[PDB]
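Input: a single structure, listed below in structure tokens.
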Amino acid sequence: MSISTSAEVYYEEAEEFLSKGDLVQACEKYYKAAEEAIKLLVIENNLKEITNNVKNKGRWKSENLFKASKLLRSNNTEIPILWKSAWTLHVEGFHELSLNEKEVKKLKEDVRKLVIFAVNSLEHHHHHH
């Protein structure tokens, strides 16, 4: 209810497909799980300059999320890098989606950083960091 956020949901769907036998379809959920975590962090860390930018539109946009991830270096330096790495997986699809586990093992850990971080920043799960 208050737990099992969009990030957790997509991460779980990624786990489902990862274990189903398809690494490719799972990667979209990994990416979107990271996306949600960023969205959560924008609100949590209060990125007013980012919300001003999205306030122009009615919904969130890719470069807006990238801009948000660009910052936050005063909190975690890998944030822009991890997001950019997830970005890479979708951009370098090249029509022939040949996403290997080799890359997944990295991104899964990097997204694992984001998800556990955003949920720990939300603190809605159990009274404990």
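Some points to look at:
- Beta carbons closer than 8 Å, at least 6 apart along the sequence or on distinct chains, pair a first residue in region 73-89 that is more than 15 Å from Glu28 (Cβ to Cβ) and without any contact (Cβ under 8 Å) to a residue 12 or more places away in the chain with a second that is hydrophobic (A, V, I, L, M, F, W, C) and not in a loop (DSSP other than H, G, I, E, B) for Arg73/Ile79.
- Residue among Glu96, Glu63 that is over 19 Å from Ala7 (Cβ atoms), in a helix (DSSP H, G or I) and not hydroxyl-bearing (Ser, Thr, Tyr): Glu63
- Restricting attention to region 73-83, the residues that are over 15 Å from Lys39 (Cα atoms) and part of a helix (DSSP H, G or I) total 1.
- Just one residue in the set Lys102, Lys106, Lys57 is in a loop (DSSP other than H, G, I, E, B), surrounded by fewer than 19 Cβ atoms within 10 Å (Cβ to Cβ) and among the basic types (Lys, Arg); that residue is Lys57.
- Screening region 4-26 for residues that are surrounded by fewer than 16 Cβ atoms within 10 Å (Cβ to Cβ) and of a type in the set (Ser, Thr, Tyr) and picking the one that is nearest to the chain's Cα centre (by Cα) gives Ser6.
- Residue satisfying all of: in region 20-54; assigned to a helix (DSSP H, G or I) and acidic (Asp, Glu); farthest from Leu107 (Cα to Cα) among these: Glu49
- Cross-chain or 6+ apart pairs with Cβ under 6 Å, region 21-46 first and closer than 10 Å to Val115 by Cα and in contact (Cβ under 8 Å) with a residue 40 or more places away in the chain, then surrounded by fewer than 20 Cβ atoms within 10 Å (Cβ to Cβ) and of a type outside the set (A, V, I, L, M): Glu36/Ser6
We place every Cβ from the backbone using ideal geometry, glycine too, and count neighbours over all the protein chains shown. Bear in mind that the values in this text are calculations on the coordinates, not laboratory data.
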